[PDB]
Amino acid sequence: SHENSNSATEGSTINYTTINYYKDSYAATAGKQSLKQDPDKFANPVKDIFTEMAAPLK
Amino acid sequence: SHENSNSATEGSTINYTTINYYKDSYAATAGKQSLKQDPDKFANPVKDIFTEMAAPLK
Amino acid sequence: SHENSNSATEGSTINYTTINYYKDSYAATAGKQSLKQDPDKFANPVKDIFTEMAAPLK
Amino acid sequence: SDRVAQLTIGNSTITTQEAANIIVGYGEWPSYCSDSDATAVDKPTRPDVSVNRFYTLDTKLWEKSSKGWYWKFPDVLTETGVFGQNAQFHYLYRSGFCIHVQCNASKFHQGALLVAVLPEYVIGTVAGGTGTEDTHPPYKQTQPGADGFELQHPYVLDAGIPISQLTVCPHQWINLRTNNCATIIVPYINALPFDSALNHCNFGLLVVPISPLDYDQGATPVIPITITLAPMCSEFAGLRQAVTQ
Amino acid sequence: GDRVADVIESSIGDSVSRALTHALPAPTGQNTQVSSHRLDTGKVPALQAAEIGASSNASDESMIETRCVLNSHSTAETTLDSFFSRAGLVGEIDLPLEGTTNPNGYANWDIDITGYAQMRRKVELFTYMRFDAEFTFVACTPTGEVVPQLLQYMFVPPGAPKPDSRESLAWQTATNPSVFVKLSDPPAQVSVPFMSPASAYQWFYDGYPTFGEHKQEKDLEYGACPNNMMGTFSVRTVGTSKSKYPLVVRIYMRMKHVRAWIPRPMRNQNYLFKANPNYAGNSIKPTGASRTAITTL
Amino acid sequence: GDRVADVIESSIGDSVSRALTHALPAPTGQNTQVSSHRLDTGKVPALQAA
Ligand SMILES: CCO/N=C/c1ccc(OCC[C@@H](C)CCN2CCN(c3ccnc(C(N)=O)c3)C2=O)cc1
């Protein structure tokens with residue numbers, strides 16, 4: 001389909017698989033999102049990463 | 001169709017031929033099931049199978 | 001379409017051209033029938049056929 | 001050559017010279033839980049020989065008027081030998097079973113016992129007789145232990161279902177003129193890979209006389225029915241202190 | 001590492017369940033082959049030993065002189081989906097104006113299909129079942145009249161707040177799935193997935209849900225398996241003011257993508273309660289008809 | 001012509017009388033062979049079933 005690229009997720013790090021019948025992409029369905037995760041951004045945002053075996057403070 | 005594999009029979013020993021218009025497979029029709037049967041599992045679950053001609057207890 | 005062969009005319013000496021949206025063939029339209037005829041079966045079921053020119057009883 | 005048999009497992013052996021082959025429930029042998037069906041992460045314990053052995057738990061007397069009995073698995077073994085201890089110390093349990101029901105008589109005695117295994121054998125009550133009272137069976141009736149329990153209304157298996165169709169379950173018959181035992185091998189049957197040996201009884205063992213015991217005055221009148229069983233492929237997980245219920 | 005022999009040669013850990021039987025395709029009834037007279041010793045198909053626990057292996061061919069019959073009779077209509085994938089009644093919900101039940105314009109129904117005999121008896125033929133389902137909701141007044149009323153059905157899974165009134169905050173339905181429909185519209189219809197924590201639902205559970213002493217006052221929990229409790233189905237008329245019409249909602253279920261395990265005897269005594277197999281002890285009836293003598297029709 | 005299977009495979013009409021025995025020449029009384037003691041289990045010529 002040759003429509004407009006006016007979706008809120010146009011240019012996202014996760015590609016979607018949607019359905020639409022109109023010339024404006026935001027009219028499309030939610031579809032399926034990409035199953036990528038990055039827990040470290042929140043759970044482990046340390047500069048110098050420390051291993052599991054070693055002692056965190058040495 | 002590139003949908004989700006969320007049907008109750010996903011990974012069954014019998015394949016189905018269904019129709020669907022949604023991204024979730026369980027929304028699909030019942031379709032046609034595979035015509036395989038295994039009566040022995042219930043009718044003849046013996047360890048050492050005995051022939052028809054011979055006498056069952058010998 | 002991969003449906004069931006449960007029509008009243010499945011295996012007839014005349015092929016049909018039908019439409020259907022269901023898995024059961026009898027749900028299909030009437031379509032068009034084959035234009036074959038065999039009048040003799042009723043109009044001339046004689047053992048020893050007699051020509052037009054000759055006299056039927058000779 | 002089908003009449004004679006020897007069942008050896010653990011430090012126990014059983015013999016019989018009047019058998020009728022062996023039944024393997026739903027056509028499949030017991031097995032350990034695969035890594036793809038499993039869900040609990042702790043490494044299981046598989047005691048082996050100390051728990052997968054034959055245990056003779058009870059003897060009932062077959063009388064001309066007997067109605068029939070039933071036992072629940074694994075309930076019957078929860079307080080016996082090493083198996084019992086493991087069932088008590090662990091939350092999770094799974095196993096198969098080899099059941100061997102014994103009953104011998106003479107070539108002058110007669111009668112037939114139906115020996116069957118019924119998964120998820122839920123017991124029902126007579127609802128106060130009129131059926132207007134929603135009563136429920138007591139713990140000693142749902143989980144009778146090693147002594148088992150006697151059926152009150154065998155025709156409906158004490159659960160509103162026809163015993164005449166019980167043969168749709170893994171079974172064998174002990175027809176005195178033919179054999180003196182029944183051997184049924186049962187795999188683990190459940191909708192979960194492991195479960196509690198205490199709160200859940202996977203199946204019930206039914207021993208019901210369909211053709212009454214009979215004989216003439218003078219012949220041995222005491223005809224016992226003995227129940228021997230052995231766990232197969234026992235696995236346990238979720239360790240902590242022992243609990244009886 | 002392993003070094004002692006008994007350990008190296010043990011079968012401990014075998015996860016491959018050996019199977020004695022396997023399925024074969026059978027799209028039609030078996031055919032009949034030609035057969036002739038047989039007058040042999042040693043061969044005896046007619047004699048069996050039912051004690052073994054297996055069904056007779058004797059066939060027409062070996063009991064009488066048969067002809068050849070090419071049997072093309074299908075086996076399709078006896079598949080699990082063919083048998084179950086037919087919508088049946090499993091629930092009724094009344095929303096009367098003046099009543100003793102739900103006179104407040106809303107109702108909560110615990111999802112439990114064991115309240116109706118036809119459907120119940122069919123599913124109880126098996127112990128374990130796994131399936132998706134299509135649910136259809138038929139609404140109208142008690143006379144079957146269609147009135148211009150708007151309803152709201154909401155699926156409240158275990159742990160979600162159950163509406164306690166027609167104006168309850170839970171009707172905001174920001175996460176639970178809700179259907180808004182008119183009695184004038186065709187019946188509402190949706191697809192439901194297999195939602196149990198278990199690999200299958202089970203119509204029978206010979207156990208208790210919790211640990212501890214199972215004294216008299218808790219025996220009502222025997223046979224209760226939470227793995228089967230999918231939640232609540234709530235309905236309400238949409239408005240802060242009472243509805244002008246009395247309503248009834250009939251719930252139909254159509255299973256699909258069905259798998260079943262462990263067949264069992266079929267109920268032969270009337271049902272009394274949803275939660276159990278209790279039967280009227282003073283009315284135990286034969287499974288079927290009876291007659292005066294075994295020698296007379 | 002024949003088309004249904006039971007007809008094609010029938011033995012109806014077999015005129016050949018099958019014989020279980022056949023004649024052998026015997027111009028003289030049978031001879032006697034040497035024999036020795038036999039002390040076996042399983043073998044039992046003396047026992048019959050008239
Ligand atoms: C707008 C929102 O629209 N939402 C619709 C909607 C409809 C239906 C939904 O759920 C369907 C779940 C059904 C199929 C499970 C029925 N089962 C399985 C096991 N079991 C059971 C077993 C043993 N015993 C009992 C007993 N009662 O004693 C009971 C059952 O009853 C959910 C949502």
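Residues of segment D:129-154 being over 17 Å from E:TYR222 (Cβ atoms) and either within 8 Å of chain E (Cβ to nearest Cβ) or among the acidic types (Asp, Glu) (or both), which ones?
If the condition is that a residue be over 17 Å from E:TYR222 (Cβ atoms) and either within 8 Å of chain E (Cβ to nearest Cβ) or among the acidic types (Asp, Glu) (or both), then D:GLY129, D:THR130, D:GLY131, D:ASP147, D:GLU150, D:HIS153 are the ones that fit.
Which members of segment E:39-96 meet the condition of being acidic (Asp, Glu), assigned to a loop (DSSP other than H, G, I, E, B) and touching a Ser or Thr at 6+ places or on another chain (Cβ under 6 Å)? Step through it out loud before you land on a result.
So the first thing to find is which residues in segment E:39-96 are acidic (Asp, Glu), and the list is E:40, E:51, E:60-61, E:65, E:77, E:81, E:92, E:94.
Imposing the further condition that a residue be assigned to a loop (DSSP other than H, G, I, E, B) reduces the set to E:40, E:65.
Result: E:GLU65, single match.
Identify the single condition in (1) away from the ligand (no atom under 15 Å from the Cβ); (2) of a type outside the set (A, V, I, L, M, F, W, C); (3) in contact with a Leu (Cβ under 9 Å, 6 or more places away or on another chain) that E:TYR208 does not satisfy, given that it satisfies every other one.
Result: E:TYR208 fails condition (1) only.
Mind counting the residues in segment E:166-180 that are away from the ligand (no atom under 14 Å from the Cβ) and surrounded by 16 or more Cβ atoms within 10 Å (Cβ to Cβ)?
1
Give me the pairs: first residue in segment B:15-27 and within 12 Å of chain E (Cβ to nearest Cβ), second residue assigned to a helix (DSSP H, G or I) and among the hydrophobic types (A, V, I, L, M, F, W, C), beta-carbon distance under 7 Å, and six or more apart or on different chains, which are they?
Between residues of segment B:15-27 that are within 12 Å of chain E (Cβ to nearest Cβ) and residues that are assigned to a helix (DSSP H, G or I) and among the hydrophobic types (A, V, I, L, M, F, W, C), the close pairs are B:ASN20/B:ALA27.
Quick one: which of B:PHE42, B:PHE50 is closer than 26 Å to E:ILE262 by Cβ and outside any loop (DSSP other than H, G, I, E, B)? I'd like the intermediate steps shown before the answer.
Details: B:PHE50 fails: outside any loop (DSSP other than H, G, I, E, B).
None of the other options fit; the residue is B:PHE42.
Quick one: would you say E:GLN269 is buried (at least 21 other Cβ atoms within 10 Å of the Cβ), within 29 Å of D:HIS136 (Cα to Cα), more than 12 Å from the ligand (Cβ to nearest atom) and of a type in the set (S, T, N, Q)? Spell out how you get there, then give the answer.
Details: buried (at least 21 other Cβ atoms within 10 Å of the Cβ): yes; within 29 Å of D:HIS136 (Cα to Cα): yes; more than 12 Å from the ligand (Cβ to nearest atom): yes; of a type in the set (S, T, N, Q): yes.
Taking the combined requirement at face value, the residue satisfies it.
Based on what the data block shows, is D:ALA40 facing another protein chain (nearest Cβ under 10 Å) and of a type in the set (A, V, I, L, M, F, W, C)? Working first, answer last.
Values: facing another protein chain (nearest Cβ under 10 Å): no; of a type in the set (A, V, I, L, M, F, W, C): yes.
When the stated conditions are applied, D:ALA40 does not pass them.
Can you name every residue in segment E:147-159 that is more than 14 Å from the ligand (Cβ to nearest atom) and either of a type in the set (S, T, N, Q) or surrounded by fewer than 14 Cβ atoms within 10 Å (Cβ to Cβ) (or both)?
Once the filter is applied, which keeps residues that are more than 14 Å from the ligand (Cβ to nearest atom) and either of a type in the set (S, T, N, Q) or surrounded by fewer than 14 Cβ atoms within 10 Å (Cβ to Cβ) (or both), segment E:147-159 yields E:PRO148, E:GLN149, E:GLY159.
Could you check E:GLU134 against (1) under 9 Å from the mean Cα position of the chain (by Cα); (2) within 13 Å of the ligand (Cβ to nearest atom) and say which number it fails?
It fails just one condition, (1).
Looking at segment E:67-81, can you tell me whether even one residue there is closer than 30 Å to E:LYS242 by Cβ and within 16 Å of the ligand (Cβ to nearest atom)?
Our first condition is that a residue be closer than 30 Å to E:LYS242 by Cβ; within segment E:67-81, this holds for none.
There is no residue in segment E:67-81 that is closer than 30 Å to E:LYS242 by Cβ and within 16 Å of the ligand (Cβ to nearest atom).
Would you call D:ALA191 in a loop (DSSP other than H, G, I, E, B), under 30 Å from D:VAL41 (Cα atoms), touching a strand residue (DSSP E or B) at 6+ places or on another chain (Cβ under 9 Å) and within 7 Å of chain E (Cβ to nearest Cβ)? Let's see the steps before the verdict.
On the way: in a loop (DSSP other than H, G, I, E, B): yes; under 30 Å from D:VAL41 (Cα atoms): yes; touching a strand residue (DSSP E or B) at 6+ places or on another chain (Cβ under 9 Å): yes; within 7 Å of chain E (Cβ to nearest Cβ): yes.
When the stated conditions are applied, D:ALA191 passes them.
Please enumerate the residues belonging to segment A:20-30 that are exposed (fewer than 13 other Cβ atoms within 10 Å of the Cβ) and not acidic (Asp, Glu).
Here is the first cut: in segment A:20-30, the residues exposed (fewer than 13 other Cβ atoms within 10 Å of the Cβ) are A:21-24, A:29-30.
Result: A:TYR21, A:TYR22, A:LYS23, A:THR29, A:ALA30.
Only one of these is within 9 Å of chain D (Cβ to nearest Cβ), surrounded by fewer than 20 Cβ atoms within 10 Å (Cβ to Cβ) and away from the ligand (no atom under 13 Å from the Cβ): E:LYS162, E:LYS215. Name it.
Values: E:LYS162 fails: within 9 Å of chain D (Cβ to nearest Cβ).
One residue alone meets the criteria, E:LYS215.
Looking only at segment D:17-62, which residues are surrounded by 21 or more Cβ atoms within 10 Å (Cβ to Cβ) and out of contact with any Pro (no Cβ under 9 Å at 6 or more places or on another chain)?
Across segment D:17-62, the qualifying residues are D:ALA19, D:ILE22.
Residues being more than 20 Å from E:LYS162 (Cβ to Cβ) and touching a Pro at 6+ places or on another chain (Cβ under 7 Å): count how many of those fall in segment E:97-119.
1
Return only the number of the condition from (1) under 25 Å from E:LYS122 (Cα atoms); (2) within 12 Å of the ligand (Cβ to nearest atom); (3) crowded, with 20+ Cβ neighbours inside 10 Å; (4) in contact (Cβ under 8 Å) with a residue 60 or more places away in the chain that E:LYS274 does not satisfy.
Answer for E:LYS274: the failing condition is (3).
Would you check which residues across segment E:181-205 are near the ligand (Cβ under 10 Å from one of its atoms), in contact with a strand residue (DSSP E or B) (Cβ under 7 Å, 6 or more places away or on another chain) and either in a loop (DSSP other than H, G, I, E, B) or farther than 25 Å from E:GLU134 by Cβ (or both) and list them?
E:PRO193, E:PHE194, E:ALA200, E:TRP203, E:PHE204
Checking the structure you have, find out if any residue of segment E:227-244 is away from the ligand (no atom under 12 Å from the Cβ), farther than 28 Å from E:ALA107 by Cα, part of a strand (DSSP E or B) and out of contact with any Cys (no Cβ under 7 Å at 6 or more places or on another chain).
Scanning segment E:227-244, I find no residue that is away from the ligand (no atom under 12 Å from the Cβ), farther than 28 Å from E:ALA107 by Cα, part of a strand (DSSP E or B) and out of contact with any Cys (no Cβ under 7 Å at 6 or more places or on another chain), so the answer is no.
Every residue, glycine as well, gets a Cβ built from its backbone with ideal geometry; the counts of neighbours run over all protein chains shown. None of the figures in this text is laboratory data; all of them are computed from the coordinates on show.
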